[PDB]
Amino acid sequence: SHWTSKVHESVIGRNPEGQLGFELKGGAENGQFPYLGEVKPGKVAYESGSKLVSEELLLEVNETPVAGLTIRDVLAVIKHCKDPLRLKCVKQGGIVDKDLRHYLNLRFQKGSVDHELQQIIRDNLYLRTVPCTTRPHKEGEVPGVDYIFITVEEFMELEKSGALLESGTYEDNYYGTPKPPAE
């Protein structure tokens, strides 16, 4: 019943070419979890724990939560971890999906493992995203930093384009978080 019920740990090492043996896909820049591509059997240097399977969602690297980050950030975390690499993953299916916007829509019970992971994934997405809003600029705010200040029409285009990972209203104004860029 729980989103995190099938989370497992796979301990791997770098293959003889220094790589992981699988490509990382998704990332917040596609509105997605980081998740694994095709796991070629024999390209992963397994160490302990459980095996990796294709298209599982990558949650943590050496106990650093990475879901909600770009692929840039995820690989940057990987690069600063010495072997062995402890990966926490979950297979997609049922309630578990790589789509970040839909995962942020889910209503979990406050205090649940599911809820705590959702807030962790929000903070990560917030690290490199600047929110957008239709309210007017207030004194002291830096456009492009505290907010992107856009009109209602522009906010509706971003929403209709699927650019927003999260949307809401407060005192008759629009707030949202756009997908981060690849830079």
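All residue numbers are counted from 1 along the displayed sequence.
Here 153 to 161 and 51 to 59 are compared by their mean Cα B-factor, and 153 to 161 comes out higher. For the two regions 61 to 69 and 133 to 141, the entry's Cα B-factors average higher over 133 to 141. The maximum CA B-factor among the listed residues 110, 86, 102, 79, taken from the PDB record, is found at 110.
The deposited CA B-factor of residue 166 belongs to the middle third of values across its chain. Among the modelled residues of its chain, residue 127 has a C-alpha B-factor that falls in the middle third according to the deposited record.
In the deposited entry, the Cα temperature factor of residue 5 places it in the middle third of its chain's modelled residues. Split the chain's modelled residues into thirds by C-alpha temperature factor. Residue 116 is in the highest one. When the modelled residues of the chain are ordered by their C-alpha B factor, residue 41 lands in the highest third.
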